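Just one chain is shown here, as structure tokens, and it is the form deposited without this ligand.
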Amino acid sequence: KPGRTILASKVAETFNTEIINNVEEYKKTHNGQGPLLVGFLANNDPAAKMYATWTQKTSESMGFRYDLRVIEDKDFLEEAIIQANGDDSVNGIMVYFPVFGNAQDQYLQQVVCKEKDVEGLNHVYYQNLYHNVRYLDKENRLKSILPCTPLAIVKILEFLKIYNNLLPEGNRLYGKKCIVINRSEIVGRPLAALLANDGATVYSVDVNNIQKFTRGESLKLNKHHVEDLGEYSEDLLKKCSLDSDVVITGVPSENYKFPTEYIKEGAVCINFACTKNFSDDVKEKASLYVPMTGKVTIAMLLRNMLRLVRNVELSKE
């Protein structure tokens, strides 16, 4: 019985109504002038360009002012970021990776003005995620936004009704099991942990080894407990995958293929890499399948930006 296919767009459409209204009220207090989100393009990749266009248009359609600054050589990208940090006209900043495609990118993601970082690129949002910290302030009024990519994937899960809404928050994913084929500091590890803290047992996959993230086993820190497992053996990847009825994938290889033999009947499959890593026929095994998150990701940084704005004015005086 063929698996249904859900487009990232269909999921993003859900948030449309919410996002518009906020933008609308903001226009009111700022004389019809909506939030300005500057985008930073600095890579010679058409795939990112298209995505830049999507974001570019989608935001403007919502009532956002999108300034898309395209840099020639990477080294001056940084400079552009600081000048934008101090520009009050700028309400939100976002960068399109891979710029340098290495540590430098992790460095760049820390240069962006913390209160304007629309994607939750800054380290703090990551630390707050891992230590399950909700707010950035002490009066518990400044919600800490979560990195859009991992957040988006979760919101896709809520839409897909995989989240058992009959359970209280922070434990909705109780009896489920997920496997993440990627453990990047950007979205791999964060996602896996984010899922683990909601309940579900997570089989994190890495190029070198496998691991099992579970609920935190400590009183000294409210952080997902990382259980370790044997070195990465192809067959090992299998047993884990079989058990876990939820498989997220995001390996950057344009030629990576996830053996359909792995997924289990009714298993939800989601990919977040800017390329297809699921072997097309996958639909006859999985229950639901989301080919890409992009659109959803966009919606996340958008509502995120509204969140940051609210915080900025909430902390204006």
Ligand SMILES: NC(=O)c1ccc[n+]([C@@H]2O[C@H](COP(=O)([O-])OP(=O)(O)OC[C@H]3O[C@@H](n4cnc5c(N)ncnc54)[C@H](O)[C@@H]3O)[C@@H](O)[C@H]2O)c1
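Residue numbers here begin at 1 and follow the sequence given.
Legend entry - Selected stretch [higher average CA B-factor]: 256 to 264 or 46 to 54: Mean B over CA atoms: larger for 256 to 264.
Legend entry - Mean C-alpha temperature factor, higher of 117 to 125 and 160 to 168: Between 160 to 168 and 117 to 125, it is 160 to 168 that shows the higher mean C-alpha B-factor.
Legend entry - Residue selected from 97, 232, 213, 107 by maximal Cα B factor: Across 97, 232, 213, 107, the entry lists the biggest C-alpha B-factor for 232.
Inset, instruction - Could you tell me which one of 90, 148, 247, 240 shows the highest CA temperature factor in the PDB record? - result: Answer, based on the entry's C-alpha B-factors: 240.
Legend entry - Third assignment of residue 208 from its chain's C-alpha B-factors: Answer is highest: the recorded C-alpha B-factor places it there.
Legend entry - CA B-factor ranking of residue 69, expressed as a third of its chain: It belongs to the lowest third of the chain when residues are ordered by C-alpha B-factor.
Inset, instruction - Taking the values exactly as deposited, rank residue 14 by C-alpha B-factor within its chain and report the matching third: lowest, middle or highest. - result: It falls in the top third of the chain.
Inset, instruction - Could you look up the Cα B-factor of residue 175 in the entry and say which third of the chain it sits in: lowest, middle or highest? - result: Ranked within chain, residue 175 CA B lands in the highest tercile.
Inset, instruction - Using the B-factors in the PDB entry, rank residue 251's C-alpha atom against the chain and give the third, lowest, middle or highest. - result: Middle third.
What follows is about the form solved in complex with this ligand, which we do not show.
Inset, instruction - State yes or no: in the bound PDB entry, is some non-hydrogen atom of residue 172 no more than 4.5 angstroms from a non-hydrogen atom of this ligand? - result: Contact check for residue 172: no, nothing within 4.5 Å of this ligand in the bound PDB entry.
Legend entry - Interface membership of residue 51, this ligand in the bound PDB entry, 4.5 Å heavy atom rule: Taking the distances in the bound PDB entry, the answer for residue 51 is yes, it comes within 4.5 Å of this ligand.
Inset, instruction - Flag residue 184 as yes or no: does it have a non-hydrogen atom within 4.5 angstroms of any non-hydrogen atom of this ligand in the bound PDB entry? - result: Close contact exists here: in the bound PDB entry, residue 184 approaches this ligand to within 4.5 Å, heavy atoms only.
Legend entry - Non-hydrogen atom contact residue 75 with this ligand in the bound PDB entry at 4.5 angstroms: No, residue 75 stays farther than 4.5 Å from this ligand in the bound PDB entry.
Legend entry - Non-hydrogen atom within 4.5 Å of this ligand in the bound PDB entry for each of 247, 262 and 268: Not one of the three qualifies.
Inset, instruction - Name the stretch: of 212 to 220, 75 to 83, 108 to 116, 184 to 192, exactly one has residues whose heavy atoms fall within 4.5 Å of this ligand in the bound PDB entry. - result: Heavy-atom contact with the partner occurs in 184 to 192.
Inset, instruction - Only one of 62, 38, 274, 282 comes within 4.5 Å of this ligand in the bound PDB entry by heavy atoms, so just point that one out. - result: Residue within 4.5 Å of the partner: 274.
Inset, instruction - Work out which of 232, 130, 100, 135 lies within 4.5 Å of this ligand in the bound PDB entry, going by heavy atoms. - result: It is 232.
Legend entry - Residues within stretch 129 to 153 having a non-hydrogen atom within 4.5 Å of this ligand in the bound PDB entry: Just 149.
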